[PDB]
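In: here we go, the starting part of the complex in its complex frame:
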Amino acid sequence: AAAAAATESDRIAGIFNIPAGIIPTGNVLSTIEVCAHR
């Protein structure tokens, strides 16, 4: 559905210095970080 307006959410994102063209509305899969010290 919509909950708070998606257009309004994207506008609020834009006005507060974030130039996010598309705010994700769904499943997001990021990459786990593996840090090695040699």
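Out: Perfect, I can see it now. Numbering: from 1, shown residues only, chains lettered A, B, ... in the order given.

In: every contact and neighbour count from this point should use C-alpha atoms.
Out: Noted.

In: ok, residue A:23 - contacts?
Out: residue A:10 (Cα atoms under 8 Å, 6 or more residues apart in numbering).

In: element containing it, please.
Out: Under DSSP states H and E, no helix or strand contains residue A:23.

In: any idea how far residue A:5 is from it?
Out: Here residue A:23 is placed at a distance of 12 Å from residue A:5 (Cα to Cα, to the nearest Å).

In: same question, residue A:22
Out: Separation of residue A:22 from residue A:5 (Cα to Cα) stands at 14 Å.

In: chain B should join the structure above:
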Amino acid sequence: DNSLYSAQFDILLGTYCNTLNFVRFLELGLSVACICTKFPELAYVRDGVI
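Out: Putting chain B together with the chains above:
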């Protein structure tokens, strides 16, 4: 001499050898429990962190 007529002997009947039933790791239950990840170079690793 009847001693010229001798036939006592014994023979081998054959033998069988045991083969080892091999285990392929990914085909046991524990396979999905573990994520096995290739990285041969680890001797030069001091301390890794996630």
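
In: look up phi and psi at residue A:7.
Out: phi -60, psi -40 (degrees, to the nearest 10).

In: report the separation between it and residue A:38.
Out: Residue A:7 is 48 Å from residue A:38, by Cα to Cα.

In: ok, those two, which is more surrounded?
Out: Neighbour tally, residue A:7 and residue A:38, criterion other Cα atoms under 10 Å in any protein chain shown: the higher count belongs to residue A:7, 12 against 9.

In: got the residues of chain A near chain B?
Out: Chain A comes close to chain B at residues A:33-38, as judged by Cα under 8 Å from any Cα of the partner chain.
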